[PDB]
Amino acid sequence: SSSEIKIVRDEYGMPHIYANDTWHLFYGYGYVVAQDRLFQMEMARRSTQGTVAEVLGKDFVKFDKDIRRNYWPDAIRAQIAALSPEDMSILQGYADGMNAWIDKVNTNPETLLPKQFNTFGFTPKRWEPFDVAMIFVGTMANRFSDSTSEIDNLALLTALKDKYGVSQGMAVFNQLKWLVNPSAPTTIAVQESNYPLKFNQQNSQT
(Lines of atoms letter the chains of each structure in order from A and count residues from 1; the text may use other names and numbers.)
(Lines give C-alpha, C1' and ligand atoms only; values in the text may rest on other atoms or scores of the structure.)
Protein backbone atom coordinates (compact mmCIF):
# COMPACT_ATOMS: atom_id res chain seq x y z
CA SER A 1 0.00 0.00 0.00
CA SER A 2 0.75 3.57 -0.97
CA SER A 3 -1.61 4.93 1.70
CA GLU A 4 -0.01 3.07 4.58
CA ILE A 5 2.40 4.54 7.13
CA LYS A 6 3.77 2.10 9.71
CA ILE A 7 5.30 3.57 12.91
CA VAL A 8 7.43 1.23 15.07
CA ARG A 9 8.91 2.57 18.39
CA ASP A 10 11.93 0.92 19.99
CA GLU A 11 12.71 0.22 23.66
CA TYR A 12 13.74 3.88 24.18
CA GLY A 13 10.62 5.12 22.43
CA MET A 14 12.51 6.15 19.26
CA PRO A 15 10.15 6.14 16.23
CA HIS A 16 10.88 4.43 12.92
CA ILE A 17 8.80 5.43 9.90
CA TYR A 18 8.00 3.01 7.06
CA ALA A 19 6.30 4.61 3.98
CA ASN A 20 6.45 4.29 0.24
CA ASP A 21 6.68 7.92 -0.90
CA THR A 22 7.92 11.26 0.28
CA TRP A 23 4.72 12.84 1.45
CA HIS A 24 3.75 9.78 3.51
CA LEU A 25 7.23 9.44 4.95
CA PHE A 26 7.50 12.94 6.34
CA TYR A 27 3.85 12.89 7.35
CA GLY A 28 4.80 10.00 9.64
CA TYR A 29 7.79 12.00 10.99
CA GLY A 30 5.71 15.08 11.80
CA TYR A 31 3.01 12.90 13.44
CA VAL A 32 5.46 11.33 15.92
CA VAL A 33 7.06 14.73 16.60
CA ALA A 34 3.60 16.07 17.51
CA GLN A 35 3.16 13.02 19.77
CA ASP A 36 6.51 13.42 21.57
CA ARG A 37 7.34 17.12 21.61
CA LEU A 38 4.25 19.22 20.94
CA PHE A 39 4.74 21.93 23.59
CA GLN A 40 8.48 22.30 22.85
CA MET A 41 7.72 22.58 19.13
CA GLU A 42 4.98 25.14 19.63
CA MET A 43 7.24 27.31 21.84
CA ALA A 44 10.07 27.00 19.32
CA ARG A 45 7.61 28.05 16.58
CA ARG A 46 6.71 31.17 18.61
CA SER A 47 10.35 31.87 19.41
CA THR A 48 11.57 31.73 15.83
CA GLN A 49 8.71 33.91 14.56
CA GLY A 50 8.43 36.36 17.45
CA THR A 51 4.93 35.57 18.69
CA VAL A 52 5.85 34.83 22.36
CA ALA A 53 4.24 37.91 23.90
CA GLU A 54 0.78 36.82 22.64
CA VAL A 55 0.71 33.92 25.13
CA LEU A 56 3.31 35.11 27.67
CA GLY A 57 2.89 38.86 27.93
CA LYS A 58 4.77 42.14 28.28
CA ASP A 59 8.15 40.74 29.34
CA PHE A 60 8.55 39.30 25.78
CA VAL A 61 7.70 42.33 23.59
CA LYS A 62 11.34 43.40 23.07
CA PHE A 63 12.29 39.79 22.31
CA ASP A 64 9.47 39.52 19.74
CA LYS A 65 10.47 42.78 18.05
CA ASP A 66 14.14 41.72 17.89
CA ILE A 67 13.21 38.39 16.23
CA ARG A 68 11.03 40.06 13.57
CA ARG A 69 13.72 42.69 12.85
CA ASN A 70 16.21 39.93 11.99
CA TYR A 71 14.48 38.38 8.97
CA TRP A 72 12.21 38.97 6.00
CA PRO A 73 9.24 36.58 5.81
CA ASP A 74 8.34 37.21 2.15
CA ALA A 75 11.83 36.12 1.08
CA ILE A 76 11.27 32.77 2.87
CA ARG A 77 7.83 32.33 1.27
CA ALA A 78 9.27 32.99 -2.19
CA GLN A 79 11.85 30.26 -1.65
CA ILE A 80 9.08 27.86 -0.69
CA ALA A 81 7.03 28.85 -3.77
CA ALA A 82 9.94 27.90 -6.10
CA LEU A 83 10.35 24.33 -4.81
CA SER A 84 9.67 21.40 -7.09
CA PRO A 85 6.76 19.12 -6.13
CA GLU A 86 9.09 16.44 -4.65
CA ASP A 87 10.90 18.99 -2.41
CA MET A 88 7.63 20.66 -1.45
CA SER A 89 6.28 17.27 -0.29
CA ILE A 90 8.93 17.02 2.43
CA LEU A 91 7.77 20.26 4.00
CA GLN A 92 4.07 19.85 3.54
CA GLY A 93 4.01 16.16 4.44
CA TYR A 94 5.70 17.06 7.75
CA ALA A 95 3.22 19.86 8.49
CA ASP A 96 0.19 17.69 7.53
CA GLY A 97 1.39 14.85 9.83
CA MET A 98 1.74 17.33 12.69
CA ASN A 99 -1.72 18.62 11.94
CA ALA A 100 -3.26 15.15 11.99
CA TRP A 101 -2.08 14.63 15.60
CA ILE A 102 -2.98 18.21 16.57
CA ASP A 103 -6.55 17.61 15.31
CA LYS A 104 -6.90 14.50 17.52
CA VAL A 105 -5.43 16.48 20.46
CA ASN A 106 -7.81 19.42 20.20
CA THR A 107 -10.64 16.93 19.92
CA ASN A 108 -9.78 14.87 22.93
CA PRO A 109 -7.98 17.33 25.23
CA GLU A 110 -8.98 15.59 28.46
CA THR A 111 -6.42 12.83 27.79
CA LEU A 112 -4.21 14.06 24.96
CA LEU A 113 -3.37 17.74 25.56
CA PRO A 114 0.15 18.15 27.02
CA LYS A 115 -0.13 19.44 30.58
CA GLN A 116 2.01 22.47 29.69
CA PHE A 117 -0.73 23.94 27.54
CA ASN A 118 -3.13 24.09 30.44
CA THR A 119 -0.42 25.51 32.68
CA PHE A 120 0.36 28.31 30.28
CA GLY A 121 -3.26 28.74 29.23
CA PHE A 122 -3.34 28.29 25.42
CA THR A 123 -3.81 25.51 22.86
CA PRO A 124 -1.88 24.36 19.78
CA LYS A 125 -2.50 25.73 16.30
CA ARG A 126 -2.02 24.04 12.90
CA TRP A 127 1.29 24.24 11.00
CA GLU A 128 2.13 25.09 7.36
CA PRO A 129 5.38 24.54 5.42
CA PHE A 130 6.47 28.09 6.32
CA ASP A 131 6.51 27.19 10.03
CA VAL A 132 8.68 24.10 9.42
CA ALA A 133 11.22 26.19 7.43
CA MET A 134 11.26 28.87 10.16
CA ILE A 135 12.22 26.32 12.90
CA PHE A 136 15.45 25.63 10.95
CA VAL A 137 16.09 29.30 10.00
CA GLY A 138 15.52 30.49 13.55
CA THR A 139 17.50 27.90 15.49
CA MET A 140 20.21 26.94 12.98
CA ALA A 141 20.95 29.81 10.61
CA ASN A 142 20.26 32.52 13.17
CA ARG A 143 22.03 30.92 16.12
CA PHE A 144 25.16 29.60 14.41
CA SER A 145 25.58 31.50 11.13
CA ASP A 146 24.65 35.06 11.78
CA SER A 147 27.51 36.36 13.95
CA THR A 148 29.12 39.77 13.41
CA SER A 149 30.43 42.54 15.70
CA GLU A 150 31.62 44.85 12.91
CA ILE A 151 30.00 47.95 14.42
CA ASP A 152 31.56 47.29 17.83
CA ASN A 153 34.88 46.55 16.15
CA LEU A 154 34.80 50.01 14.66
CA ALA A 155 34.04 51.66 18.00
CA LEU A 156 37.05 49.82 19.50
CA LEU A 157 39.29 50.85 16.56
CA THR A 158 38.22 54.49 16.92
CA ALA A 159 39.02 54.42 20.64
CA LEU A 160 42.43 52.86 20.03
CA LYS A 161 43.13 55.60 17.44
CA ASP A 162 42.39 58.34 19.98
CA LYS A 163 44.64 56.69 22.58
CA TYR A 164 47.64 55.69 20.45
CA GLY A 165 47.26 57.84 17.37
CA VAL A 166 46.14 56.84 13.88
CA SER A 167 48.85 54.37 12.63
CA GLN A 168 49.62 52.66 15.92
CA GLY A 169 45.94 52.49 16.80
CA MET A 170 45.51 50.20 13.86
CA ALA A 171 48.52 48.11 14.77
CA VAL A 172 47.05 47.58 18.28
CA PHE A 173 43.69 46.61 16.73
CA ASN A 174 45.59 43.99 14.72
CA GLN A 175 47.20 42.77 17.93
CA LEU A 176 43.84 42.26 19.63
CA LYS A 177 41.65 41.13 16.74
CA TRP A 178 44.10 39.75 14.17
CA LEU A 179 42.62 38.70 10.79
CA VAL A 180 44.65 35.45 10.70
CA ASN A 181 47.31 33.88 12.95
CA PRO A 182 49.54 31.37 11.23
CA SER A 183 50.20 29.38 14.37
CA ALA A 184 46.50 28.40 14.92
CA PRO A 185 45.98 24.61 15.11
CA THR A 186 43.95 23.61 12.01
CA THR A 187 41.64 20.65 11.19
CA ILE A 188 43.41 20.32 7.82
CA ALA A 189 47.22 19.85 7.97
CA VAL A 190 49.29 22.30 5.94
CA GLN A 191 50.70 19.40 3.90
CA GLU A 192 47.28 18.97 2.37
CA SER A 193 46.46 22.60 1.57
CA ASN A 194 46.07 26.16 2.64
CA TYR A 195 43.53 28.88 1.94
CA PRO A 196 44.44 30.78 -1.18
CA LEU A 197 42.95 34.21 -0.48
CA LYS A 198 44.69 37.15 1.18
CA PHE A 199 42.71 40.00 2.72
CA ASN A 200 43.18 43.63 3.59
CA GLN A 201 43.90 44.32 7.24
CA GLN A 202 44.28 48.08 7.32
CA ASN A 203 40.63 48.95 6.93
CA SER A 204 41.38 50.27 3.46
CA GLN A 205 37.67 51.06 2.77
CA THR A 206 37.90 54.39 4.70
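Throughout, rigid core stands for the largest set of C-alpha atoms superposing within 1.5 Å between the two forms. Note that residue numbering begins at 1 and tracks the sequence as displayed.
With the rigid core held as the alignment frame, decide whether 168-176 or 141-149 lies farther from the shown form in 8 other deposited structures of this protein, in terms of RMS C-alpha distance.
Between the two stretches, 141-149 moves farther in 8 other deposited structures of this protein.
Looking only at CA atoms, which has the higher mean B factor in the entry: 129-137 or 112-120?
Per the deposited B-factors, the answer is 112-120.
Per the entry, where is the mean C-alpha temperature factor higher: 6-14 or 190-198?
The entry gives the higher C-alpha B-factor average to 190-198.
Select one of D59, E150, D146, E42: the residue whose C-alpha shows the highest B-factor in the crystal structure entry.
Of the candidates given, the C-alpha B-factor peaks at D59.
Which third of the chain holds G97 when residues are ordered by C-alpha B factor: lowest, middle or highest?
Its C-alpha B-factor belongs to the middle third of this chain's values.
Lowest, middle or highest third of the chain for the C-alpha temperature factor of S183?
Ranked within chain, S183 CA B lands in the lowest tercile.
Comparing against every modelled residue in the chain, figure out the third that the C-alpha B-factor of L91 lands in (lowest, middle or highest).
Its C-alpha B-factor belongs to the lowest third of this chain's values.
Relative to the other modelled residues of the same chain, rank the CA B-factor of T51 and answer lowest, middle or highest third.
Tercile = lowest for this residue's CA B-factor.
Would you mind ranking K161 by its C-alpha B-factor against the rest of the chain and naming the third, lowest, middle or highest?
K161: CA B-factor falls in the highest third of its chain.
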